[PDB]
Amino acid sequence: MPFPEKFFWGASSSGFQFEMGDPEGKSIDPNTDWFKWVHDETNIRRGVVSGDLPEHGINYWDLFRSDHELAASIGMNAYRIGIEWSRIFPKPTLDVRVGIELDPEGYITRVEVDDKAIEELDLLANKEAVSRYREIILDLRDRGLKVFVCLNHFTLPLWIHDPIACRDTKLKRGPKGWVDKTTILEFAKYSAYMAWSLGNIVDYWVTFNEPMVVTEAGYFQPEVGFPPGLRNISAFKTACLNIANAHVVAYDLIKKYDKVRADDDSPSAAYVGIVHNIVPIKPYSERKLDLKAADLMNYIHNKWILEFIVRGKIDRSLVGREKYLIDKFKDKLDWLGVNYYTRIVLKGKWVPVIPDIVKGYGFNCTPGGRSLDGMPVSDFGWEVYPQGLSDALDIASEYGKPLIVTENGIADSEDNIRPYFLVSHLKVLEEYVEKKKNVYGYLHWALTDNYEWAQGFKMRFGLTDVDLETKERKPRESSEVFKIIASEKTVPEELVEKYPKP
């Protein structure tokens, strides 16, 4: 019943949301699509982005040793960080020539990064950024935290994706990001170089964080405020295929250039997974329309990418009307990272059918209010639905890979829901681990407040409050709730009594 002794307890972070913020300004990375996106005049006036700027952030780039000690002090034994591609290669790697292999239908089944390609990439990489990430990773290991390294977390180098150019011309001029197959080739070089660089201190790799968010938000949901903020159906399907293609070739390249077991316990020297945000879809009724909309949305967001990278089954229509198998894409995943925040309740609409989305549940509730199921609601308007964690893991379990909960958290700047959020969700997780025994860790989002993308700093996810002026960390009560659960390896009934539904 208690969580197994080796169960991972930690937090997740990303480069763009954490790193910048130093007082002297020396650590600013202006060379991402997201950096240019949040500084865009038009985006700011329109309310597409918050107007907050990442360069005023919490300064994880220089303060990482303090945050790591904070994480250890509350019983964390694991931690995920993101590497900013734009930091390693501020200037294009397009001139390193590299052998490639193409499937009949056009997919890249192989990017031949050899010794000479590594040498040329070593001459283009920012040695300063590499050594800092090494110092970051080594500080985790020194404090006894197992390191998870994510290679891409939304942001792309500006020479890979200029979102203002893509938006203004509707993808006539670029660089076009994941719409362009060239991005697959460069991401493959970047992945190979990082595995060669850090393979001796990293065993748990992640290629992409929420790749389906990058594509949906970038090309089919402009309301969410992501670059390039278009609604182009063919560009959405192309980016999905390309980013899924990129994972496969990076998976093989990481396996080639990471042959060192940093930890003797690691299941292999290069244990490569993907972080995927799973949303349990709940049909509003058992009517045809509602059931058909739920099935379709579950297929596109939850299942489509996993059929690609685990089964090798490609559906270029994104709606389940086509199946094309590439044997070389089969079983290209070692473990799966499950991000869960809340569910979606949907209706089906006659059009063929299209999701409607019912309000009062899931992602569409009254901020600070109560959902129609009697659950508290975050500052983001998100329903606290702890049972959905079990639903999300059941969907993930279909693909037969070991699971880790890589993100789970709440926007709550005053911390009056987060303790119950931790107690209720970890109760569900504890029973799930004993029952199904295929989940091996819990990574909370996050240790500290950070820059919540298009929402800026006004969404506070941290177990620790951060004063943006002084960069001072002030742990919240929920950090103690986390400490108790992680240290005692169980959810004590005391915590269940003390933190009921607020």
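The first residue of the shown sequence is 1; numbering continues from there.
Of the two stretches examined, 228-236 and 242-250, the record assigns the greater average C-alpha temperature factor to 228-236.
Mean C-alpha B-factor is higher over 137-145 than over the other stretch, the pair under comparison being 402-410 and 137-145. Each of 383, 203, 356, 84 has a CA temperature factor in the record; the biggest one is found at 356. Going by the entry's values, 53 shows the largest Cα B-factor out of 439, 53, 447, 454. When the modelled residues of the chain are ordered by C-alpha B-factor, residue 470 sits in the highest third.
In the deposited entry, the Cα temperature factor of residue 280 sits in the bottom third of values across the chain's modelled residues. Per the PDB record, residue ranking by Cα B-factor puts residue 220 in the highest third of the chain. Split the chain's modelled residues into thirds by C-alpha temperature factor. Residue 25 is in the highest one. Ranked by Cα temperature factor within the chain, residue 303 sits in the middle third according to the deposited record.
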